[PDB]
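So this first bit is one chain, no partners, the form deposited in one PDB entry, shown in structure tokens.
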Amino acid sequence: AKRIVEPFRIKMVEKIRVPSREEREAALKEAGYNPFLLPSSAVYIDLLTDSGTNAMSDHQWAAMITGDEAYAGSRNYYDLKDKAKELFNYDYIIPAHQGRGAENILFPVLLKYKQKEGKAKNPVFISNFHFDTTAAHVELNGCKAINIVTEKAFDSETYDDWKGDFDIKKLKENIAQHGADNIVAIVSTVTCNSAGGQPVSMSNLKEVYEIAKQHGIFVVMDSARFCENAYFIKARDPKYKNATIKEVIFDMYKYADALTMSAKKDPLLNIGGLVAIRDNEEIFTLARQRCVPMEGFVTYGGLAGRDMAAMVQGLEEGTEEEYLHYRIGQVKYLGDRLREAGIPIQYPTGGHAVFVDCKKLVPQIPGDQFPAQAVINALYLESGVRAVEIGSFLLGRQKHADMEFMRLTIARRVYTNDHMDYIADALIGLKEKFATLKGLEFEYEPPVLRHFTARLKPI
């Protein structure tokens, strides 16, 4: 395992504390054995998500302080529009308060657009893998969310360069089965969060887009972790060995018609989202009409001016290769600590998190008992580390998936490699108990995005 030094130094700290074992047991009981319902005061190192927990730079805070809070025509709106043109070559933007706000703006518009001419009676979205909010918005609008990630993603220990790729054979099969007139959009998720933060190759994005254009299908790039994807393309595709990260990004967005983005990920923010559209003015106009009631007026989109300002700066910082090398290298370091100790993980590690394969760590659990959640809860009790489940629990409707990950999710520029060692050493310490204590049931199950507020029972 190799430690890579921060390409920055620390300018402001935030205190953390280790709650006592008694506190942790009490807190997990009070939370119904669901870490989503734990208070932050009961958590030491928080690995629930890399979303919105990032550390900003002094330049981002400075941008916030001079942000323009105007209701209409904020300076920072125009700066953000210019930044989207620079990075993606897209001519239209709509800010949103975060990624699922961007989805709520755009997906219903794309559906109604497709329903023109009386077609799309059996509407579907197709993705390498829809994230949970993404699929929820697809289904809330009466559509099916189809996932067709490469089968290589399902072999955790076997290395592959591009475990986020679309399965192209399945893309063509689904077009033939459903018909192009029923495919509202193809969603290219970069990196592929559900597969383990695994990258999509440039050739895969390109072929998917060429197929989509053959059939007149609109392509949306789900862009929360687009810079991590671009880094992997530079690292693993020899064609881009000597390209800049921004050159890689520019090419990626040749292979979509629009993007939805949670800027709470790679743009290094605590809040913020974005819709950008390459050149379809009609869809832009319709999306603006939905933005107004759902998010806010179209030049702030549910964001304070200071957050548009932070986003303009964060979009730049998130592309910096030295930063990306360190960030992705820290995730790799945590994974290598675990793998060298015999802990099974999705290999190679993705951009933002280490995905621990609990199907191999705890094969004696079925999806009936959510294997990765029993691991997560045991780790929390042992160490005060909070992680999150990316398996049957999150996928929804006991529908068992093809992956049962515990996601040790790593915020950007927050934790050191000594925090990583603490995480790894704590889990490595659980090895005599992975068989003892095990299993979980439901008490309360929401019908949509159940994992966030459900209460569970062990056995």
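For clarity, a rigid core is taken as the largest C-alpha set superposing within 1.5 Å between two forms. Residue indices: 1-based, along the sequence shown.
S.K.: So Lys433 and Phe434 are neighbours in the shown sequence, but is anything from the deposited sequence left out between them? Give the count as none, 1 to 3, 4 to 9, or 10 or more.
M.R.: Missing residues, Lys433 to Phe434: none.
S.K.: For the higher mean C-alpha B factor in the entry, choose 365-373 or 126-134.
M.R.: Higher of the two, by average CA B-factor, is 365-373.
S.K.: So 349-357 or 111-119, which one's hotter by mean CA B-factor in the entry?
M.R.: Of 111-119 and 349-357, the stretch with the higher C-alpha B-factor average is 111-119.
S.K.: Checking the record values for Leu48, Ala55, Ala426, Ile65, which has the greatest CA B factor?
M.R.: Across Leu48, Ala55, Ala426, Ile65, the entry lists the biggest C-alpha B-factor for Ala426.
S.K.: If you check the C-alpha B-factor for each of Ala70, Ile410, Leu395, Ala42 in the entry, which is highest?
M.R.: The listed residue with the largest C-alpha B-factor is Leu395.
S.K.: Would you check the entry's CA temperature factor for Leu286 and let me know if it's in the chain's lowest, middle or highest third?
M.R.: Within its chain, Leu286 is a middle-third residue by C-alpha B-factor, going by the deposited values.
S.K.: State the tercile, meaning the lowest, middle or highest third, of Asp167 with respect to the CA B-factors recorded for its chain.
M.R.: As the PDB entry reports it, the C-alpha B-factor of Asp167 lands in the middle third of its chain.
S.K.: Among all modelled residues of this chain, ranked by Cα B factor, put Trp61 in the bottom, middle or top third, i.e. lowest, middle or highest.
M.R.: It belongs to the lowest third of the chain when residues are ordered by C-alpha B-factor.
S.K.: So where's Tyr415 on the chain's Cα temperature factor ranking, which third?
M.R.: Ranked within chain, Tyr415 CA B lands in the lowest tercile.
S.K.: Splitting the chain's C-alpha B-factors into thirds, which one does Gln214 fall into?
M.R.: CA B-factor rank for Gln214: highest third.
We do not show the form deposited in another entry, though everything after this point is about it.
S.K.: After superposing on the rigid core, which residue among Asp368, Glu281, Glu157, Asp82 shows a C-alpha displacement of 2 Å or more between the shown form and the other one?
M.R.: Spelled out, the residue whose C-alpha shifts by 2 Å or more is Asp368.
S.K.: Superposing on the rigid core, does the Cα of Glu432 end up 2 Å or more away between the shown form and the other one?
M.R.: It does shift by 2 Å or more.
S.K.: Once you line up the core, how about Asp50: does its CA shift reach 2 Å between the shown form and the other one?
M.R.: No; that C-alpha moves by less than 2 Å between the shown form and the other one.
S.K.: Once the core is superposed between the shown form and the other one, does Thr409 show a C-alpha displacement of at least 2 Å?
M.R.: The answer is no; the displacement is under 2 Å.
S.K.: What happens to the Cα distance from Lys359 to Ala426 in the other entry: does it get closer or farther than here, with a change of 3 angstroms or more?
M.R.: Result: closer.
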